[PDB]
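Shown here is one chain on its own, the form deposited in one PDB entry, set out as structure tokens.
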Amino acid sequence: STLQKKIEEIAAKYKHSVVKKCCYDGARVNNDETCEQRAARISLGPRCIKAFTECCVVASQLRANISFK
């Protein structure tokens, strides 16, 4: 367990943490604007932008395809 391995572990935790935040931010309902419009106002990294956009797009499809067995 080198120092390299411990830092790579922390770095991966940071990225996963960022993605998780950006995703659920995009997953929030926003009826006024499209996902592309909302993500255009994000000045953060491309990692955050992709997480935001994908979750925003997917969240919208899930909300429109919700049913009851």
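Quick note: we count residues from 1 along the sequence shown, nothing fancier.
Peer 1: Which is higher in the entry, the mean Cα B factor of 59 to 67 or that of 1 to 9?
Peer 2: According to the entry, 1 to 9 carries the higher average C-alpha B-factor.
Peer 1: Per the PDB record, is the mean Cα temperature factor higher over 49 to 57 or over 10 to 18?
Peer 2: Comparing averages over the C-alpha atoms only gives 10 to 18.
Peer 1: Thinking about Cα B factors across the chain, which third does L44 belong to?
Peer 2: Top third by C-alpha B-factor.
Same protein, other form: the form deposited with a partner chain bound, not shown, and the subject of what follows.
Peer 1: Could you confirm whether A59 comes within 4.5 Å of its partner chain in the deposited bound form, counting heavy atoms only?
Peer 2: No.
Peer 1: Check whether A40 has any heavy atom within 4.5 Å of a heavy atom of its partner chain in the deposited bound form, and answer yes or no.
Peer 2: No - in the deposited bound form, heavy atoms of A40 and its partner chain never come within 4.5 Å of each other.
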